[PDB]
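Everything on this sheet refers to the single structure shown next.
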Amino acid sequence: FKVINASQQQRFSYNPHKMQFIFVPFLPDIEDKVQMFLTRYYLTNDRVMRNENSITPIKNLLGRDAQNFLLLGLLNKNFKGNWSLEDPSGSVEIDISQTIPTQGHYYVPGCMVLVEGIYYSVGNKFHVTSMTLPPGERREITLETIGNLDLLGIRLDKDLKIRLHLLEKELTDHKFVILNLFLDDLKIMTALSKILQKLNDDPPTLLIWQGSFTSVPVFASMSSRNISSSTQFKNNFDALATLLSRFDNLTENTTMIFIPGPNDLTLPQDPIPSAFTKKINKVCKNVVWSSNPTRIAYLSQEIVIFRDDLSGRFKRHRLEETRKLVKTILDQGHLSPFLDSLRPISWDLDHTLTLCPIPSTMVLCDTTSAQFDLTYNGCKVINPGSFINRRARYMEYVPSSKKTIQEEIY
Numbered sequence: 170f171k172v173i174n175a176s177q178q179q180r181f182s183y184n185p186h187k188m189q190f191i192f193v194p207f208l209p210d211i212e213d214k215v216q217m218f219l220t221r222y223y224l225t226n227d228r229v230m231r232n233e266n267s268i269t270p271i272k273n274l275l276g277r278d279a280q281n282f283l284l285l286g287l288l289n290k291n292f293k294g295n296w297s298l299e300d301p302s303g304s305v306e307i308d309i310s311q312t313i314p315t316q317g318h319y320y321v322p323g324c325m326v327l328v329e330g331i332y333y334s335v336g337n338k339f340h341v342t343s344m345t346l347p348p349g350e351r352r353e354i355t356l357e358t359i360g361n362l363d364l365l366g367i378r379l380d381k382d383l384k385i386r387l388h389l390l391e392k393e394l395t396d397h398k399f400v401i402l405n406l407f408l409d410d411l412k413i414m415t416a417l418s419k420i421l422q423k424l425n426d427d428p429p430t431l432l433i434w435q436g437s438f439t440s441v442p443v444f445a446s447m448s449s450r451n452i453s454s455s456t457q458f459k460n461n462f463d464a465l466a467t468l469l470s471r472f473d474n475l476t477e478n479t480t481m482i483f484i485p486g487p488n489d490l502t503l504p505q506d507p508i509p510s511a512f513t514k515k516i517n518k519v520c521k522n523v524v525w526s527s528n529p530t531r532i533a534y535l536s537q538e539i540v541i542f543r544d545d546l547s548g549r550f551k552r553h554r555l556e598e599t600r601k602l603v604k605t606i607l608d609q610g611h612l613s614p615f616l617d618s619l620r621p622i623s624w625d626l627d628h629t630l631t632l633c634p635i636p637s638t639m640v641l642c643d644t645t646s647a648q649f650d651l652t653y654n655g656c657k658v659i660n661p662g663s664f665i667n668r669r670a671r672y673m674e675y676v677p678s679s680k681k682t683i684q685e686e687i688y
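Numbers 170 to 194, 207 to 233, 266 to 367, 378 to 402, 405 to 490, 502 to 556, 598 to 665, 667 to 688, taken from full-length UniProt numbering, label the letters of the sequence shown in order.
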């Protein structure tokens, strides 16, 4: 039972002939960039093969001139209306002129989909019957076909220990606390005062401090107050550490986790530096600084935490709600199904963002949708929503019974 370090995690590469991963383990390489999407295509390929209306490459159809296939590819774009599609065997412009597809989750670019139709080589523009997304299977059969290795950290698989589930179903002593959170307002101080008031009595176990610790970003340019974004943020930490030290009931038996948001000093992202967490590391002894995103090494489960604006980007890019969002992220099996010219993902840690296999719980702290918790093929996906303008609301999750309770003060 630990917290997985993204900068210190392993790496696994897939082989289609052996259908398995190899012992892979500063700046990345070119091969990483190429094999990034290559690994994506072959992973989706094998994922399709696990589900056994046929299979055909682009070169097979372009070699002909007549027809009739459900092609696989990325909804990319070269020119206006020149929505091209690419597999590792050729490129082809596709059109959806007067198409009545299904009611998919959220069709977005940079996504590998399946479209049926005919070529019509006179203009060589493939037509679409219906656009569909690659289906995602349950975690049971998924973990059945992964093989016999370790994908979370313990190397083979030995999860046949009923004592794990029994002790978790009995030791209710380990509770998770989830609260956007700024630091330079009296309202924040008040909220934290009543929150810790609820926390000094009942000892929690794992604190999850969300991102966006400041209303403003970095890149300071005015030395009016003889300060900068760094110094201001440092003093904000000092104030938080002082309120934290006002009540020493905490850190006695509760572990904490910081998570950097989008406005602190491009994915993935290393945590808040030690130079700004010096005093809190001195006062406390149960601190950690995980990258965004990260995974909690839970003894029998795969919980992943990722804070970003998911709903705020899908609506600004569809061609022509909450379950649509969750359905999209789980079916594509990836956290950022977006082009690299849109969200620059670091070449080294693309595997970290990969949802191979299906995780147990994805903590998606959205900053533009309400708080919820729903199920979709088993993985209970949550959202705590905002924290201040929603009249001070927060969440508490039970891992054993998987209970989800909301707690509001106003």
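Using N, Cα and C, we set each Cβ at its ideal position, and we do this for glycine too.
Cβ-Cβ distance between residue i and residue j below 7 Å
{"i": "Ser182", "j": "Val172", "result": "no"}
{"i": "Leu406", "j": "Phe542", "result": "no"}
{"i": "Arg351", "j": "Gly655", "result": "yes"}
{"i": "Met217", "j": "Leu287", "result": "no"}
{"i": "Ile271", "j": "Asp308", "result": "no"}
{"i": "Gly436", "j": "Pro485", "result": "yes"}
{"i": "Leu602", "j": "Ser613", "result": "no"}
{"i": "residue 704", "j": "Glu329", "result": "Residue coverage of the chain in this structure runs from 170 to 688, which leaves residue 704 outside it and unanswerable."}
{"i": "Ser536", "j": "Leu390", "result": "no"}
{"i": "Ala670", "j": "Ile687", "result": "yes"}
{"i": "residue 562", "j": "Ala175", "result": "In this structure residue 562 is absent; the chain steps straight from 556 to 598."}
{"i": "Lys187", "j": "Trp624", "result": "no"}
{"i": "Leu490", "j": "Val443", "result": "yes"}
{"i": "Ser678", "j": "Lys423", "result": "no"}
{"i": "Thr439", "j": "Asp545", "result": "no"}
{"i": "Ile331", "j": "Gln280", "result": "yes"}
{"i": "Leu275", "j": "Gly294", "result": "no"}
{"i": "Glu212", "j": "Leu365", "result": "no"}
{"i": "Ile516", "j": "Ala466", "result": "yes"}
For residue j and residue i, believed in contact at Cβ under 8 Å, the rounded distance
{"i": "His318", "j": "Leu298", "result": "Not quite, the Cβ-Cβ distance comes to about 19 Å (not below 8 Å), so this is no contact."}
{"i": "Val523", "j": "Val640", "result": "No, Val523 and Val640 are not in contact; Cβ-Cβ is about 19 Å, not under 8 Å."}
{"i": "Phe339", "j": "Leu284", "result": "7 Å"}
{"i": "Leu402", "j": "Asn461", "result": "Not confirmed; about 16 Å, so no contact."}
{"i": "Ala445", "j": "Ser453", "result": "4 Å"}
{"i": "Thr530", "j": "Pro621", "result": "Wrong, their Cβ atoms sit about 20 Å apart, outside the cutoff."}
{"i": "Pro348", "j": "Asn232", "result": "7 Å"}
{"i": "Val519", "j": "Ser470", "result": "5 Å"}
Residues near residue i by beta carbon distance below 6 Å, same chain, minus five either side
{"i": "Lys459", "result": "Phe512"}
{"i": "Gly610", "result": "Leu632"}
{"i": "residue 495", "result": "In the model shown, the chain runs from 490 to 502 with nothing in between, leaving residue 495 without coordinates."}
Per-residue DSSP class, three states only, for residue i
{"i": "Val540", "result": "strand"}
{"i": "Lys551", "result": "coil"}
{"i": "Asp396", "result": "coil"}
{"i": "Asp463", "result": "helix"}
{"i": "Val328", "result": "strand"}
{"i": "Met673", "result": "strand"}
{"i": "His186", "result": "coil"}
{"i": "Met639", "result": "strand"}
{"i": "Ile354", "result": "helix"}
{"i": "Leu365", "result": "coil"}
{"i": "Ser304", "result": "strand"}
{"i": "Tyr534", "result": "strand"}
{"i": "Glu598", "result": "coil"}
{"i": "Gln216", "result": "helix"}
{"i": "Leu626", "result": "coil"}
{"i": "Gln435", "result": "coil"}
{"i": "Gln179", "result": "coil"}
{"i": "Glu233", "result": "coil"}
{"i": "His611", "result": "strand"}
Nearest neighbour of residue i, chosen from the options [CA to CA]
{"i": "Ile532", "options": "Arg228, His628 and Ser637", "result": "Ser637"}
{"i": "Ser526", "options": "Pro507, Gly366, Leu288 and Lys601", "result": "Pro507"}
{"i": "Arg554", "options": "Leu408, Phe615 and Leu475", "result": "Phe615"}
{"i": "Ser618", "options": "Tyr332, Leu424 and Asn291", "result": "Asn291"}
{"i": "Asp427", "options": "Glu477, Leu468, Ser446 and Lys412", "result": "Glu477"}
{"i": "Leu219", "options": "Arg231, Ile191 and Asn184", "result": "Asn184"}
{"i": "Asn660", "options": "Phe649, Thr467, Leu475 and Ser334", "result": "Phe649"}
{"i": "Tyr653", "options": "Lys604, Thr269 and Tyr333", "result": "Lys604"}
{"i": "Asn667", "options": "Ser334, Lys412 and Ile354", "result": "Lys412"}
{"i": "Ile191", "options": "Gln457, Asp363, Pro487 and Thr415", "result": "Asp363"}
{"i": "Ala647", "options": "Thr599, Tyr675 and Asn232", "result": "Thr599"}
{"i": "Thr355", "options": "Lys384, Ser449, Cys520 and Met230", "result": "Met230"}
{"i": "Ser334", "options": "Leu327, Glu357, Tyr223 and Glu306", "result": "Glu306"}
{"i": "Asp210", "options": "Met673, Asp382, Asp627 and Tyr222", "result": "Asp627"}
{"i": "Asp382", "options": "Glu357, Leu394 and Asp396", "result": "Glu357"}
Beta-carbon proximity list for residue i, same chain, < 7 Å, skipping 5 on both sides
{"i": "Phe472", "result": "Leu421 and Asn425"}
{"i": "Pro429", "result": "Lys398, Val400 and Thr479"}
{"i": "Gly360", "result": "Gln189"}
{"i": "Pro322", "result": "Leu288, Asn289, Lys290, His553 and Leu616"}
{"i": "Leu417", "result": "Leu468"}
{"i": "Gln178", "result": "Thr629"}
{"i": "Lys419", "result": "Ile687"}
{"i": "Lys680", "result": "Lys657"}
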